[PDB]
DNA sequence: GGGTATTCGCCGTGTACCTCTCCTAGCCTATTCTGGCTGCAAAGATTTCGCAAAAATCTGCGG
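So, in structure tokens, the structure goes:
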């Protein structure tokens with residue numbers, strides 16, 4: 381819930397290139413949950429960086 | 001009470017041709033390993049097609 385803004389901001393870049401924005405943010409939320417399930421801080425990286433690639437893939 | 005007094009949606013809109021093809025956009029965008037699926041190549045198994053060919057069969061006519 382706290383990271384939905386990242387999904388919205390990322391998806392609005394892809395909205396100008398066709399496809400509904402709402403579907404994009406829903407898929408990005410799916411990818412965000414996938415990243416959350418796989419996130420760790422033992423790596424030392426920022427969560428936003430890790431979630432960015434997941435959201436882009438979704 | 002009470003009677004308008006606004007605003008808030010919903011709906012209706014002639015017929016019938018013809019020519020046109022015009023319909024179509026960003027590009028900002030990561031790597032890959034394992035396993036199956038499907039079209040194709042190859043092999044066993046099998047039926048279906050034609051000539052072969054001789055033997056039986058069908059048909060025309062004059063002595």
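Residue numbers (the deposited numbering): 381 to 438. Quick reminder that beta carbons are idealized off the backbone N, C-alpha and C, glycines included.
When the five nearest sequence neighbours on each side are left out, the beta carbons in the same chain lying within less than 7 angstroms of the beta carbon of residue 392 are those of 401, in order along the chain. Spatial neighbours of residue 419 in its own chain (CB-CB distance under 8 angstroms, excluding positions within 5 residues in sequence) are listed in chain order as 427, 430, 431. Selection 436, 413, 438 evaluated against residue 382 yields 413 as nearest (Cα-Cα). With a cutoff of 9 angstroms on beta-carbon distance, residue 411 and residue 435 are scored as near each other.
In this structure, the CA atom of residue 416 is about 24 angstroms from the CA atom of residue 395.
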